[PDB]
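Residue numbers (PDB author numbering): 47 to 259.
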Ligand SMILES: Nc1ncnc2c1ncn2[C@@H]1O[C@H](C[C@@H](N)CC[C@H](N)C(=O)O)[C@@H](O)[C@H]1O
Ligand SMILES: Cc1ccc(C(=O)c2cc(O)c(O)c([N+](=O)[O-])c2)cc1
Ligand SMILES: [Mg+2]
């Protein structure tokens, strides 16, 4: 699989325990060989900036894929900070674990195998989560708005919870974007960038939760 290819390429070309080289090898391969839906370096640098700004103790990632953004975020996590990541594809999830294992980041991260819509309502229950400091939305684009409503519904957001959504321009999340921008429950900021491994304009939206009406 494409994802085996990427994992193996990292195992051979990256340095173990070094999250940077992991990222850089993942990027080199997808730039030069096989495009992959990693958030990539350009948008990733904006993620980095947002993570460094808010120093979340608990991040929820929707869509882990090969672990590129999990590695990207986890390396910036403070001591004791936890990243939780949801990945419904068991193959992808096994790849993500291997990547995070290789990055020495496996202790900061918990991989949840399942659909976000299924896993979100059990977060407090099974995973000892009160509320989320930060959420990275990067799974199927039709799930951004529904999983936001679900996260809100399940009491997983607090005042100042940061939602950071990838691909709000391409492939695009128009309903989500319309919703957070229009709602008083969310203060939004758009970060214009580029689709990973091409000249297509894409962006990240930061949507900070304000609490209910
Ligand atoms: N509803 C869902 N629940 C959990 N995982 C999902 C869901 N929909 C899509 N996914 C996974 O989300 C991933 C989407 C990727 N763009 C994630 C990339 C990853 N955030 C990265 O930049 O490294 C795929 O690997 C999907 O299998
Ligand atoms: C068939 C197809 C079409 C468009 C893309 C695509 O561009 C893309 C980019 C992402 O950052 C991303 O997160 C996802 N995703 O999870 O669906 C898709 C990728 C594949
Ligand atoms: Mg994406």
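C-beta: ideal position from N, C-alpha, C; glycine also.
As a quick exercise: from the options, pick the residue whose alpha carbon is nearest that of residue i.
{"i": "residue 248", "options": "234, 112, 217", "result": "217"}
{"i": "residue 245", "options": "88, 97, 47", "result": "88"}
{"i": "residue 66", "options": "258, 121, 84", "result": "121"}
{"i": "residue 207", "options": "184, 180, 126", "result": "180"}
{"i": "residue 172", "options": "227, 159, 77", "result": "159"}
{"i": "residue 155", "options": "197, 137, 107, 196", "result": "107"}
{"i": "residue 74", "options": "95, 62, 52, 220", "result": "52"}
{"i": "residue 49", "options": "80, 62, 252, 58", "result": "80"}
{"i": "residue 95", "options": "210, 256, 227, 161", "result": "210"}
{"i": "residue 42", "options": "189, 63, 167", "result": "Residue 42 falls outside the range modelled here, since the chain spans only 47 to 259, and no answer is possible."}
{"i": "residue 47", "options": "77, 140, 90, 253", "result": "140"}
{"i": "residue 182", "options": "125, 138, 68, 90", "result": "90"}
{"i": "residue 204", "options": "254, 54, 161, 70", "result": "254"}
{"i": "residue 197", "options": "162, 188, 229", "result": "162"}
{"i": "residue 214", "options": "195, 252, 202, 228", "result": "252"}
For residue i, I'd like the list of residues in its chain whose CB is within less than 6 Å of its CB, leaving aside the five on either flank, ordered along the chain.
{"i": "residue 175", "result": "169"}
{"i": "residue 109", "result": "184, 185"}
{"i": "residue 102", "result": "179, 180"}
{"i": "residue 127", "result": "103"}
In its own chain, which residues sit with a C-beta less than 7 Å from the C-beta of residue i, not counting the 5 before and 5 after it?
{"i": "residue 92", "result": "237, 239, 250"}
{"i": "residue 258", "result": "231"}
{"i": "residue 151", "result": "65, 117, 120, 121"}
{"i": "residue 165", "result": "132, 158"}
{"i": "residue 123", "result": "129, 154"}
Spatial neighbours of residue i within its chain, please: C-beta separation below 8 Å, excluding the five flanking residues on both sides.
{"i": "residue 85", "result": "93, 114, 115, 118, 184, 212, 242"}
{"i": "residue 142", "result": "110, 111, 112, 113, 116, 131, 133, 157"}
{"i": "residue 191", "result": "219, 221, 222, 225"}
{"i": "residue 98", "result": "122"}
For this session: Inspect the CB distances between the stretch 103–117 and the stretch 136–148 and report whether three or more fall short of 8 Å.
Result: yes
For this session: With a floor of 3 residues, list each beta strand (DSSP E) that falls wholly inside the stretch 126–213, ordered by position along the chain.
Result: 128–133, 155–159, 178–183, 203–211
Exercise. Counting by C-beta, which residues lie closer than 5 Å to a heavy atom of ligand 3, in chain order?
Worked result: 184, 212, 213
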